[PDB]
Amino acid sequence: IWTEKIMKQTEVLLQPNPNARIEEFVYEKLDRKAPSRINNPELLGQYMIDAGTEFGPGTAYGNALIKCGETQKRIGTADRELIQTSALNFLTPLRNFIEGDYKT
Amino acid sequence: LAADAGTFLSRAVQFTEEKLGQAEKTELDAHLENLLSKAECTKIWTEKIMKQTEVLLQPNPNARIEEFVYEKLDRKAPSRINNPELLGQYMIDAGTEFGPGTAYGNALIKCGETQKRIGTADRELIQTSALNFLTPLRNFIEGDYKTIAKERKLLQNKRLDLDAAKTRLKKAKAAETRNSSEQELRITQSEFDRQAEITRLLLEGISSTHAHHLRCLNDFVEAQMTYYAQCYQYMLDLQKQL
Amino acid sequence: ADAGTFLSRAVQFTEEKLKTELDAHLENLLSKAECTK
Amino acid sequence: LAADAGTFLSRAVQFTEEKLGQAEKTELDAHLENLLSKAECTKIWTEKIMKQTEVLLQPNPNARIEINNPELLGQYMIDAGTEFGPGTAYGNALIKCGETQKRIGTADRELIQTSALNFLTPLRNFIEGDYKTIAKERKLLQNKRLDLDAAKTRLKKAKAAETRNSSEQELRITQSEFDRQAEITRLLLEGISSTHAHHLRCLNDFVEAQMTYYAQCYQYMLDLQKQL
């Protein structure tokens, strides 16, 4: 009981958006790869960078916008890395146990 | 009062003929054209960043929809515990059930605490950012932009009148009527010029807007720094105990 | 025109919604197993 | 599963392009086209004739959905005759006329049974069988044609030679199924020829039924005249 609760909530913590999970479930049943959606940080970075470019790269405001966009994209990548590691060395074993030994 | 309807009629017919391409448009001064264009672009991007920021802060869209409903319903949206703190609660309860003496119990309970601390830190960032960033910008978009929009319409209307008068003079034959039209043309031109200055004056204020926003961005940054810094320290502490 | 671009976007989404072929022997076996189940 | 949805998407998109006229439409062979048209016409006309025949035999719509008018009139006449006095000449005539009116009603019921089972039934059977079966195959033939045209569109849009070669194979697959379905529908269309000959024999039966009805009714009226 406890193992199941923790395994689920921690997955929620990793993927906050419910619609995304629903899409994953559908694509899992569809047996087809779900599109590689861009995460919030990178998208925000893109918006900031493009906006800064439009206002003028030389301008201090533009410079800041571009810099922040770059950092934001870096953060997004790091986040993706974190998500991959957790599901590979944490969620996996627990799921294994609940799905195999428990049946026996 | 009926004369006003005639003015609305005149502005319309002219707008149609100009759209018909039969009539041309008196181009505005390049400076004002430039000023208006800059103000617009600014608003467009500022709006986009504000929205994407919000999404970043509150990932759950359904929650945002519920807030909108209660906002329109003029009711309070029930508060909810964030994912980090919730996980902590489940973990702590588990640890307790498995037995505090057991190392597994010790670890689970210890972690649940760190998670709740982290959740608290998260809410701090959300409030700090909202207070220091989103609002300042929102203000600008809701107030100054609106005013400028109104003035833009006034000048646009005046131009319509001017163009209509021109067209009327173009098709003026009777000397006396043509002279009256000349007086009418002078009349509209003056009013058009007056509004143009009014508009340019207001547009001048946009220059400071960029500087004001820059400060807000610097603040947001400081907030993120604060959030991660706290969380990092919290994590370190947890590993030491475990 | 604009309709064509909208159709292109629709097709892209269809692609969003929707391979090393294994040796025949294995494939045939896989099909057999599935049919049996 | 997902395959079902995918197939539908391809067919509809190609069809819309052809409807818009931007995309060309692969046509069918004249022989198959002629056969399909003949079958459609047969069902349309046969349907109308059978329905009107029902109205003619049973004018009452409610009765058609389900005592006949002649027999009801006969009842009224006989009752009146008794009240007016059976011995009275007026009473005598009313009673005799009512009886004959009921006999005519009986013959009408026989005609309805005889005709419907020898004329309406066969016409209905053809529409329920030959036409429907053809329509099902005709629909699948249109689906196969859409698949073929979609393959041709994919082929023309397959700039890559290897992709075009794959589209050629796909086109061949669609063509084979398309041609197969055409032949299946064609066989059903050939059956319509026999349907016409069968229908002709049924028409003759309906004619015979009407003649018997009129002949019997005439004799009944003759007898009443003599008695009165």
# chains A, B, ... in the order shown; residues from 1 in each chain; ligands from 1
>>> closest_atom_pairs(of="chain A", to="chain D", cutoff="10 Å", atoms="only C-alpha atoms", output="Markdown table")
| residue | atom | partner | partner_atom | distance |
| --- | --- | --- | --- | --- |
| A:29 | CA | D:2 | CA | 9.5 |
| A:30 | CA | D:2 | CA | 6.6 |
| A:31 | CA | D:2 | CA | 9.2 |
| A:32 | CA | D:2 | CA | 9.5 |
>>> write_last_selection(atoms="C-alpha atoms", output="short mmCIF file (atom, residue, chain, number, x, y, z; two decimals), in the first residue's frame")
data_model
loop_
_atom_site.label_atom_id
_atom_site.label_comp_id
_atom_site.auth_asym_id
_atom_site.auth_seq_id
_atom_site.Cartn_x
_atom_site.Cartn_y
_atom_site.Cartn_z
CA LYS A 29 -2.25 2.41 -25.58
CA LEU A 30 -1.74 3.72 -29.16
CA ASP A 31 1.68 1.96 -28.99
CA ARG A 32 3.07 5.03 -30.85
#
>>> interface_residues(of="chain C", to="chain D", cutoff="10 Å", atoms="only C-alpha atoms", output="PyMOL selection string")
chain C and resi 7+11+14+17-18
>>> interface_residues(of="chain A", to="chain C", cutoff="12 Å", atoms="only C-alpha atoms", output="list in words")
residues 23, 24, 26, 27, 28, 30, 31, 32, 33, 34, 35, 36 and 37 of chain A
>>> write_last_selection(atoms="N, CA, C and O atoms", output="PDB file, in the first residue's frame")
ATOM      1  N   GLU A  23      -2.165  12.207 -22.157  1.00  0.00           N
ATOM      2  CA  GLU A  23      -1.651  12.019 -23.508  1.00  0.00           C
ATOM      3  C   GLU A  23      -0.716  10.820 -23.547  1.00  0.00           C
ATOM      4  O   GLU A  23      -0.749  10.018 -24.487  1.00  0.00           O
ATOM      5  N   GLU A  24       0.176  10.729 -22.558  1.00  0.00           N
ATOM      6  CA  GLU A  24       1.118   9.618 -22.490  1.00  0.00           C
ATOM      7  C   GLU A  24       0.366   8.296 -22.425  1.00  0.00           C
ATOM      8  O   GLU A  24       0.719   7.332 -23.109  1.00  0.00           O
ATOM      9  N   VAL A  26      -2.658   7.635 -23.431  1.00  0.00           N
ATOM     10  CA  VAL A  26      -3.281   7.381 -24.762  1.00  0.00           C
ATOM     11  C   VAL A  26      -2.204   6.845 -25.709  1.00  0.00           C
ATOM     12  O   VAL A  26      -2.430   5.783 -26.313  1.00  0.00           O
ATOM     13  N   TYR A  27      -1.079   7.553 -25.824  1.00  0.00           N
ATOM     14  CA  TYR A  27      -0.005   7.139 -26.764  1.00  0.00           C
ATOM     15  C   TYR A  27       0.531   5.763 -26.362  1.00  0.00           C
ATOM     16  O   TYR A  27       0.888   4.976 -27.257  1.00  0.00           O
ATOM     17  N   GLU A  28       0.593   5.490 -25.057  1.00  0.00           N
ATOM     18  CA  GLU A  28       1.032   4.148 -24.593  1.00  0.00           C
ATOM     19  C   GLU A  28       0.067   3.105 -25.162  1.00  0.00           C
ATOM     20  O   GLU A  28       0.546   2.115 -25.744  1.00  0.00           O
ATOM     21  N   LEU A  30      -1.886   3.599 -27.688  1.00  0.00           N
ATOM     22  CA  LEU A  30      -1.741   3.725 -29.162  1.00  0.00           C
ATOM     23  C   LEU A  30      -0.498   2.950 -29.601  1.00  0.00           C
ATOM     24  O   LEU A  30      -0.399   2.626 -30.802  1.00  0.00           O
ATOM     25  N   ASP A  31       0.415   2.679 -28.664  1.00  0.00           N
ATOM     26  CA  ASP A  31       1.675   1.961 -28.993  1.00  0.00           C
ATOM     27  C   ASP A  31       2.467   2.802 -29.998  1.00  0.00           C
ATOM     28  O   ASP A  31       3.213   2.212 -30.802  1.00  0.00           O
ATOM     29  N   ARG A  32       2.301   4.126 -29.952  1.00  0.00           N
ATOM     30  CA  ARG A  32       3.071   5.030 -30.849  1.00  0.00           C
ATOM     31  C   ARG A  32       3.763   6.093 -29.992  1.00  0.00           C
ATOM     32  O   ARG A  32       3.193   6.468 -28.949  1.00  0.00           O
ATOM     33  N   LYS A  33       4.945   6.550 -30.413  1.00  0.00           N
ATOM     34  CA  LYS A  33       5.688   7.526 -29.628  1.00  0.00           C
ATOM     35  C   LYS A  33       4.942   8.851 -29.552  1.00  0.00           C
ATOM     36  O   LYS A  33       4.463   9.370 -30.565  1.00  0.00           O
ATOM     37  N   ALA A  34       4.845   9.398 -28.341  1.00  0.00           N
ATOM     38  CA  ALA A  34       4.241  10.704 -28.125  1.00  0.00           C
ATOM     39  C   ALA A  34       5.212  11.804 -28.547  1.00  0.00           C
ATOM     40  O   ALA A  34       6.422  11.673 -28.337  1.00  0.00           O
ATOM     41  N   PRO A  35       4.717  12.879 -29.162  1.00  0.00           N
ATOM     42  CA  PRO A  35       5.617  13.935 -29.636  1.00  0.00           C
ATOM     43  C   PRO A  35       6.456  14.501 -28.501  1.00  0.00           C
ATOM     44  O   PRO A  35       6.016  14.584 -27.352  1.00  0.00           O
ATOM     45  N   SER A  36       7.684  14.894 -28.839  1.00  0.00           N
ATOM     46  CA  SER A  36       8.617  15.446 -27.859  1.00  0.00           C
ATOM     47  C   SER A  36       8.231  16.894 -27.576  1.00  0.00           C
ATOM     48  O   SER A  36       8.771  17.844 -28.150  1.00  0.00           O
ATOM     49  N   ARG A  37       7.269  17.062 -26.673  1.00  0.00           N
ATOM     50  CA  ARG A  37       6.805  18.399 -26.339  1.00  0.00           C
ATOM     51  C   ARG A  37       7.904  19.166 -25.618  1.00  0.00           C
ATOM     52  O   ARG A  37       8.684  18.600 -24.846  1.00  0.00           O
TER      53      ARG A  37
END
>>> closest_atom_pairs(of="chain A", to="chain B", cutoff="12 Å", atoms="only C-alpha atoms", output="JSON lines")
{"residue": "A:1", "atom": "CA", "partner": "B:94", "partner_atom": "CA", "distance": 9.0}
{"residue": "A:2", "atom": "CA", "partner": "B:94", "partner_atom": "CA", "distance": 5.7}
{"residue": "A:3", "atom": "CA", "partner": "B:94", "partner_atom": "CA", "distance": 8.3}
{"residue": "A:4", "atom": "CA", "partner": "B:90", "partner_atom": "CA", "distance": 10.5}
{"residue": "A:5", "atom": "CA", "partner": "B:90", "partner_atom": "CA", "distance": 7.2}
{"residue": "A:6", "atom": "CA", "partner": "B:91", "partner_atom": "CA", "distance": 6.5}
{"residue": "A:7", "atom": "CA", "partner": "B:87", "partner_atom": "CA", "distance": 9.5}
{"residue": "A:8", "atom": "CA", "partner": "B:87", "partner_atom": "CA", "distance": 9.3}
{"residue": "A:9", "atom": "CA", "partner": "B:87", "partner_atom": "CA", "distance": 5.8}
{"residue": "A:10", "atom": "CA", "partner": "B:87", "partner_atom": "CA", "distance": 6.6}
{"residue": "A:11", "atom": "CA", "partner": "B:83", "partner_atom": "CA", "distance": 10.0}
{"residue": "A:12", "atom": "CA", "partner": "B:83", "partner_atom": "CA", "distance": 7.2}
{"residue": "A:13", "atom": "CA", "partner": "B:83", "partner_atom": "CA", "distance": 5.6}
{"residue": "A:14", "atom": "CA", "partner": "B:83", "partner_atom": "CA", "distance": 9.3}
{"residue": "A:15", "atom": "CA", "partner": "B:59", "partner_atom": "CA", "distance": 9.3}
{"residue": "A:16", "atom": "CA", "partner": "B:59", "partner_atom": "CA", "distance": 6.3}
{"residue": "A:17", "atom": "CA", "partner": "B:60", "partner_atom": "CA", "distance": 5.3}
{"residue": "A:18", "atom": "CA", "partner": "B:60", "partner_atom": "CA", "distance": 7.1}
{"residue": "A:19", "atom": "CA", "partner": "B:61", "partner_atom": "CA", "distance": 8.6}
{"residue": "A:20", "atom": "CA", "partner": "B:60", "partner_atom": "CA", "distance": 10.2}
{"residue": "A:21", "atom": "CA", "partner": "B:60", "partner_atom": "CA", "distance": 11.7}
{"residue": "A:39", "atom": "CA", "partner": "B:56", "partner_atom": "CA", "distance": 9.2}
{"residue": "A:40", "atom": "CA", "partner": "B:56", "partner_atom": "CA", "distance": 5.7}
{"residue": "A:41", "atom": "CA", "partner": "B:56", "partner_atom": "CA", "distance": 6.9}
{"residue": "A:42", "atom": "CA", "partner": "B:56", "partner_atom": "CA", "distance": 10.2}
{"residue": "A:43", "atom": "CA", "partner": "B:52", "partner_atom": "CA", "distance": 7.9}
{"residue": "A:44", "atom": "CA", "partner": "B:52", "partner_atom": "CA", "distance": 5.9}
{"residue": "A:45", "atom": "CA", "partner": "B:49", "partner_atom": "CA", "distance": 9.4}
{"residue": "A:46", "atom": "CA", "partner": "B:49", "partner_atom": "CA", "distance": 9.9}
{"residue": "A:47", "atom": "CA", "partner": "B:49", "partner_atom": "CA", "distance": 6.6}
{"residue": "A:48", "atom": "CA", "partner": "B:49", "partner_atom": "CA", "distance": 6.8}
{"residue": "A:49", "atom": "CA", "partner": "B:49", "partner_atom": "CA", "distance": 10.5}
{"residue": "A:50", "atom": "CA", "partner": "B:45", "partner_atom": "CA", "distance": 9.0}
{"residue": "A:51", "atom": "CA", "partner": "B:45", "partner_atom": "CA", "distance": 5.9}
{"residue": "A:52", "atom": "CA", "partner": "B:45", "partner_atom": "CA", "distance": 9.0}
{"residue": "A:53", "atom": "CA", "partner": "B:45", "partner_atom": "CA", "distance": 11.0}
{"residue": "A:54", "atom": "CA", "partner": "B:41", "partner_atom": "CA", "distance": 8.3}
{"residue": "A:55", "atom": "CA", "partner": "B:42", "partner_atom": "CA", "distance": 7.7}
{"residue": "A:56", "atom": "CA", "partner": "B:38", "partner_atom": "CA", "distance": 11.2}
{"residue": "A:59", "atom": "CA", "partner": "B:210", "partner_atom": "CA", "distance": 9.8}
{"residue": "A:60", "atom": "CA", "partner": "B:214", "partner_atom": "CA", "distance": 8.2}
{"residue": "A:61", "atom": "CA", "partner": "B:214", "partner_atom": "CA", "distance": 5.6}
{"residue": "A:62", "atom": "CA", "partner": "B:214", "partner_atom": "CA", "distance": 9.1}
{"residue": "A:63", "atom": "CA", "partner": "B:214", "partner_atom": "CA", "distance": 10.2}
{"residue": "A:64", "atom": "CA", "partner": "B:214", "partner_atom": "CA", "distance": 7.9}
{"residue": "A:65", "atom": "CA", "partner": "B:217", "partner_atom": "CA", "distance": 8.3}
{"residue": "A:66", "atom": "CA", "partner": "B:217", "partner_atom": "CA", "distance": 11.8}
{"residue": "A:67", "atom": "CA", "partner": "B:221", "partner_atom": "CA", "distance": 11.2}
{"residue": "A:68", "atom": "CA", "partner": "B:221", "partner_atom": "CA", "distance": 8.4}
{"residue": "A:69", "atom": "CA", "partner": "B:49", "partner_atom": "CA", "distance": 10.9}
{"residue": "A:71", "atom": "CA", "partner": "B:221", "partner_atom": "CA", "distance": 10.6}
{"residue": "A:72", "atom": "CA", "partner": "B:221", "partner_atom": "CA", "distance": 10.6}
{"residue": "A:75", "atom": "CA", "partner": "B:228", "partner_atom": "CA", "distance": 11.2}
{"residue": "A:76", "atom": "CA", "partner": "B:56", "partner_atom": "CA", "distance": 11.3}
>>> select_by_dssp(residues="chain C", states="helix (DSSP H, G or I)", output="JSON, numbers by chain")
{"C": [2, 3, 4, 5, 6, 7, 8, 9, 10, 11, 12, 13, 14, 15, 16, 17, 24, 25, 26, 27, 28, 29, 30, 31, 32, 33, 34, 35, 36]}
>>> closest_residue(among="D:163, D:37, D:225, D:46", to="residue D:200", atoms="only C-alpha atoms")
D:46
>>> residues_around(residues="residue D:101", least_positions_apart="4", cutoff="9 Å", atoms="only C-alpha atoms", output="PyMOL selection string")
chain D and resi 70-75+96-97+105-106+220-221
>>> write_last_selection(atoms="N, CA, C and O atoms", output="PDB file, in the first residue's frame")
ATOM      1  N   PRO D  70     -66.997  -1.636 -47.861  1.00  0.00           N
ATOM      2  CA  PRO D  70     -68.179  -2.248 -48.464  1.00  0.00           C
ATOM      3  C   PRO D  70     -69.016  -3.014 -47.433  1.00  0.00           C
ATOM      4  O   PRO D  70     -70.216  -2.830 -47.410  1.00  0.00           O
ATOM      5  N   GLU D  71     -68.374  -3.836 -46.601  1.00  0.00           N
ATOM      6  CA  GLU D  71     -69.134  -4.679 -45.637  1.00  0.00           C
ATOM      7  C   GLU D  71     -69.821  -3.798 -44.586  1.00  0.00           C
ATOM      8  O   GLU D  71     -70.966  -4.111 -44.215  1.00  0.00           O
ATOM      9  N   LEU D  72     -69.148  -2.737 -44.133  1.00  0.00           N
ATOM     10  CA  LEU D  72     -69.753  -1.825 -43.127  1.00  0.00           C
ATOM     11  C   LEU D  72     -71.029  -1.214 -43.714  1.00  0.00           C
ATOM     12  O   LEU D  72     -72.054  -1.198 -43.006  1.00  0.00           O
ATOM     13  N   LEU D  73     -70.971  -0.749 -44.964  1.00  0.00           N
ATOM     14  CA  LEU D  73     -72.174  -0.175 -45.621  1.00  0.00           C
ATOM     15  C   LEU D  73     -73.259  -1.252 -45.670  1.00  0.00           C
ATOM     16  O   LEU D  73     -74.429  -0.924 -45.404  1.00  0.00           O
ATOM     17  N   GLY D  74     -72.873  -2.492 -45.978  1.00  0.00           N
ATOM     18  CA  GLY D  74     -73.846  -3.598 -46.020  1.00  0.00           C
ATOM     19  C   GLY D  74     -74.551  -3.753 -44.685  1.00  0.00           C
ATOM     20  O   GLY D  74     -75.780  -3.932 -44.685  1.00  0.00           O
ATOM     21  N   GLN D  75     -73.799  -3.662 -43.585  1.00  0.00           N
ATOM     22  CA  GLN D  75     -74.397  -3.791 -42.231  1.00  0.00           C
ATOM     23  C   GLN D  75     -75.475  -2.720 -42.059  1.00  0.00           C
ATOM     24  O   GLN D  75     -76.606  -3.077 -41.678  1.00  0.00           O
ATOM     25  N   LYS D  96     -81.420  -6.762 -49.316  1.00  0.00           N
ATOM     26  CA  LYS D  96     -80.721  -7.508 -50.395  1.00  0.00           C
ATOM     27  C   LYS D  96     -79.449  -6.757 -50.801  1.00  0.00           C
ATOM     28  O   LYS D  96     -78.394  -7.407 -50.923  1.00  0.00           O
ATOM     29  N   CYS D  97     -79.545  -5.439 -50.992  1.00  0.00           N
ATOM     30  CA  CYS D  97     -78.366  -4.660 -51.448  1.00  0.00           C
ATOM     31  C   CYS D  97     -77.241  -4.815 -50.423  1.00  0.00           C
ATOM     32  O   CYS D  97     -76.094  -5.061 -50.837  1.00  0.00           O
ATOM     33  N   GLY D 105     -67.185  -6.939 -50.578  1.00  0.00           N
ATOM     34  CA  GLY D 105     -66.118  -6.713 -49.585  1.00  0.00           C
ATOM     35  C   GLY D 105     -65.258  -7.951 -49.405  1.00  0.00           C
ATOM     36  O   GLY D 105     -64.023  -7.806 -49.315  1.00  0.00           O
ATOM     37  N   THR D 106     -65.884  -9.128 -49.366  1.00  0.00           N
ATOM     38  CA  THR D 106     -65.134 -10.398 -49.183  1.00  0.00           C
ATOM     39  C   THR D 106     -64.154 -10.585 -50.345  1.00  0.00           C
ATOM     40  O   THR D 106     -62.979 -10.902 -50.080  1.00  0.00           O
ATOM     41  N   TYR D 220     -71.785 -10.541 -59.011  1.00  0.00           N
ATOM     42  CA  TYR D 220     -72.538 -10.238 -57.769  1.00  0.00           C
ATOM     43  C   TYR D 220     -73.572  -9.152 -58.070  1.00  0.00           C
ATOM     44  O   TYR D 220     -74.755  -9.334 -57.719  1.00  0.00           O
ATOM     45  N   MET D 221     -73.143  -8.065 -58.717  1.00  0.00           N
ATOM     46  CA  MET D 221     -74.065  -6.935 -59.010  1.00  0.00           C
ATOM     47  C   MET D 221     -75.206  -7.442 -59.896  1.00  0.00           C
ATOM     48  O   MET D 221     -76.366  -7.073 -59.634  1.00  0.00           O
TER      49      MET D 221
END
>>> residues_around(residues="residue D:113", least_positions_apart="5", cutoff="12 Å", atoms="only C-alpha atoms", output="short mmCIF file (atom, residue, chain, number, x, y, z; two decimals) with N, CA, C and O atoms, in the first residue's frame")
data_model
loop_
_atom_site.label_atom_id
_atom_site.label_comp_id
_atom_site.auth_asym_id
_atom_site.auth_seq_id
_atom_site.Cartn_x
_atom_site.Cartn_y
_atom_site.Cartn_z
N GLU D 54 -49.69 -0.73 -52.95
CA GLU D 54 -50.23 -0.92 -51.58
C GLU D 54 -51.34 0.11 -51.34
O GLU D 54 -52.41 -0.28 -50.85
N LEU D 57 -54.59 -0.84 -53.25
CA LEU D 57 -55.33 -2.00 -52.68
C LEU D 57 -55.93 -1.62 -51.32
O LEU D 57 -57.07 -2.04 -51.05
N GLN D 58 -55.19 -0.88 -50.50
CA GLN D 58 -55.67 -0.51 -49.14
C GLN D 58 -55.66 1.01 -49.01
O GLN D 58 -54.68 1.55 -48.47
N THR D 106 -65.88 -9.13 -49.37
CA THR D 106 -65.13 -10.40 -49.18
C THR D 106 -64.15 -10.58 -50.35
O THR D 106 -62.98 -10.90 -50.08
N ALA D 107 -64.62 -10.37 -51.58
CA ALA D 107 -63.75 -10.56 -52.77
C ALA D 107 -62.55 -9.62 -52.68
O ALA D 107 -61.43 -10.05 -53.04
N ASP D 108 -62.77 -8.39 -52.21
CA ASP D 108 -61.66 -7.42 -52.08
C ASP D 108 -60.57 -8.00 -51.17
O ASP D 108 -59.39 -7.91 -51.54
N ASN D 118 -48.10 -12.11 -54.51
CA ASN D 118 -47.65 -12.47 -55.88
C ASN D 118 -47.01 -11.26 -56.58
O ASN D 118 -46.44 -11.45 -57.66
N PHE D 119 -47.11 -10.07 -55.98
CA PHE D 119 -46.58 -8.85 -56.67
C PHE D 119 -45.71 -8.03 -55.71
O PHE D 119 -44.53 -7.80 -56.04
N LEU D 120 -46.27 -7.60 -54.58
CA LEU D 120 -45.52 -6.74 -53.63
C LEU D 120 -44.34 -7.51 -53.05
O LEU D 120 -43.23 -6.95 -53.01
N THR D 121 -44.56 -8.76 -52.62
CA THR D 121 -43.48 -9.55 -51.97
C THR D 121 -42.23 -9.58 -52.86
O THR D 121 -41.18 -9.13 -52.38
N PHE D 206 -50.19 -9.93 -60.89
CA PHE D 206 -51.02 -8.81 -60.37
C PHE D 206 -52.16 -8.53 -61.35
O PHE D 206 -53.30 -8.34 -60.90
N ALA D 209 -54.85 -11.12 -60.96
CA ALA D 209 -55.61 -10.93 -59.71
C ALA D 209 -56.70 -9.88 -59.94
O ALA D 209 -57.87 -10.16 -59.61
N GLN D 210 -56.34 -8.72 -60.50
CA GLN D 210 -57.33 -7.63 -60.67
C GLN D 210 -58.48 -8.15 -61.54
O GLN D 210 -59.64 -7.88 -61.20
N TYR D 213 -60.96 -10.15 -59.56
CA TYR D 213 -61.75 -9.29 -58.64
C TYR D 213 -62.90 -8.65 -59.41
O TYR D 213 -64.06 -8.80 -58.98
#
>>> atom_distance(atom1="atom CA of residue B:129", atom2="atom CA of residue A:70")
19.9 Å
>>> decode(residues="stretch 11-26 of chain D", atoms="N, CA, C and O atoms", output="PDB file, in the first residue's frame")
ATOM      1  N   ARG D  11      -8.854   8.461 -46.589  1.00  0.00           N
ATOM      2  CA  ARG D  11      -9.964   8.478 -47.580  1.00  0.00           C
ATOM      3  C   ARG D  11     -10.611   9.864 -47.628  1.00  0.00           C
ATOM      4  O   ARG D  11     -10.710  10.430 -48.736  1.00  0.00           O
ATOM      5  N   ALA D  12     -11.008  10.404 -46.474  1.00  0.00           N
ATOM      6  CA  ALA D  12     -11.734  11.695 -46.473  1.00  0.00           C
ATOM      7  C   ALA D  12     -10.873  12.792 -47.105  1.00  0.00           C
ATOM      8  O   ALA D  12     -11.400  13.537 -47.952  1.00  0.00           O
ATOM      9  N   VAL D  13      -9.600  12.882 -46.717  1.00  0.00           N
ATOM     10  CA  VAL D  13      -8.748  13.998 -47.222  1.00  0.00           C
ATOM     11  C   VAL D  13      -8.723  13.946 -48.751  1.00  0.00           C
ATOM     12  O   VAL D  13      -9.012  14.981 -49.381  1.00  0.00           O
ATOM     13  N   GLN D  14      -8.421  12.778 -49.320  1.00  0.00           N
ATOM     14  CA  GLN D  14      -8.313  12.670 -50.797  1.00  0.00           C
ATOM     15  C   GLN D  14      -9.651  13.081 -51.413  1.00  0.00           C
ATOM     16  O   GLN D  14      -9.638  13.854 -52.388  1.00  0.00           O
ATOM     17  N   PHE D  15     -10.758  12.601 -50.843  1.00  0.00           N
ATOM     18  CA  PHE D  15     -12.098  12.894 -51.412  1.00  0.00           C
ATOM     19  C   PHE D  15     -12.325  14.407 -51.446  1.00  0.00           C
ATOM     20  O   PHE D  15     -12.802  14.920 -52.474  1.00  0.00           O
ATOM     21  N   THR D  16     -11.988  15.092 -50.353  1.00  0.00           N
ATOM     22  CA  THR D  16     -12.207  16.559 -50.276  1.00  0.00           C
ATOM     23  C   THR D  16     -11.407  17.251 -51.381  1.00  0.00           C
ATOM     24  O   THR D  16     -11.962  18.150 -52.035  1.00  0.00           O
ATOM     25  N   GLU D  17     -10.152  16.838 -51.577  1.00  0.00           N
ATOM     26  CA  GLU D  17      -9.291  17.468 -52.610  1.00  0.00           C
ATOM     27  C   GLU D  17      -9.957  17.310 -53.979  1.00  0.00           C
ATOM     28  O   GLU D  17      -9.989  18.297 -54.740  1.00  0.00           O
ATOM     29  N   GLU D  18     -10.464  16.113 -54.272  1.00  0.00           N
ATOM     30  CA  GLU D  18     -11.153  15.866 -55.566  1.00  0.00           C
ATOM     31  C   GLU D  18     -12.394  16.756 -55.641  1.00  0.00           C
ATOM     32  O   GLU D  18     -12.609  17.380 -56.696  1.00  0.00           O
ATOM     33  N   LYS D  19     -13.166  16.817 -54.554  1.00  0.00           N
ATOM     34  CA  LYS D  19     -14.375  17.682 -54.525  1.00  0.00           C
ATOM     35  C   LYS D  19     -13.958  19.126 -54.803  1.00  0.00           C
ATOM     36  O   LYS D  19     -14.637  19.793 -55.606  1.00  0.00           O
ATOM     37  N   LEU D  20     -12.872  19.579 -54.174  1.00  0.00           N
ATOM     38  CA  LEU D  20     -12.383  20.969 -54.374  1.00  0.00           C
ATOM     39  C   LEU D  20     -11.964  21.135 -55.836  1.00  0.00           C
ATOM     40  O   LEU D  20     -12.000  22.276 -56.336  1.00  0.00           O
ATOM     41  N   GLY D  21     -11.587  20.036 -56.491  1.00  0.00           N
ATOM     42  CA  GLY D  21     -11.151  20.098 -57.898  1.00  0.00           C
ATOM     43  C   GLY D  21      -9.645  20.251 -57.986  1.00  0.00           C
ATOM     44  O   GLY D  21      -9.094  20.055 -59.086  1.00  0.00           O
ATOM     45  N   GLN D  22      -9.001  20.581 -56.865  1.00  0.00           N
ATOM     46  CA  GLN D  22      -7.519  20.694 -56.844  1.00  0.00           C
ATOM     47  C   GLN D  22      -6.915  19.328 -57.180  1.00  0.00           C
ATOM     48  O   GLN D  22      -5.891  19.294 -57.890  1.00  0.00           O
ATOM     49  N   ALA D  23      -7.531  18.250 -56.689  1.00  0.00           N
ATOM     50  CA  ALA D  23      -7.022  16.887 -56.962  1.00  0.00           C
ATOM     51  C   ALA D  23      -7.853  16.233 -58.069  1.00  0.00           C
ATOM     52  O   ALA D  23      -9.073  16.480 -58.114  1.00  0.00           O
ATOM     53  N   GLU D  24      -7.211  15.433 -58.924  1.00  0.00           N
ATOM     54  CA  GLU D  24      -7.935  14.716 -60.008  1.00  0.00           C
ATOM     55  C   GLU D  24      -8.579  13.454 -59.425  1.00  0.00           C
ATOM     56  O   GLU D  24      -8.180  13.051 -58.317  1.00  0.00           O
ATOM     57  N   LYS D  25      -9.531  12.856 -60.148  1.00  0.00           N
ATOM     58  CA  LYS D  25     -10.252  11.665 -59.626  1.00  0.00           C
ATOM     59  C   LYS D  25     -10.092  10.498 -60.605  1.00  0.00           C
ATOM     60  O   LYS D  25     -10.434  10.675 -61.789  1.00  0.00           O
ATOM     61  N   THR D  26      -9.598   9.353 -60.124  1.00  0.00           N
ATOM     62  CA  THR D  26      -9.472   8.150 -60.990  1.00  0.00           C
ATOM     63  C   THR D  26     -10.874   7.653 -61.350  1.00  0.00           C
ATOM     64  O   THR D  26     -11.673   7.445 -60.421  1.00  0.00           O
TER      65      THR D  26
END
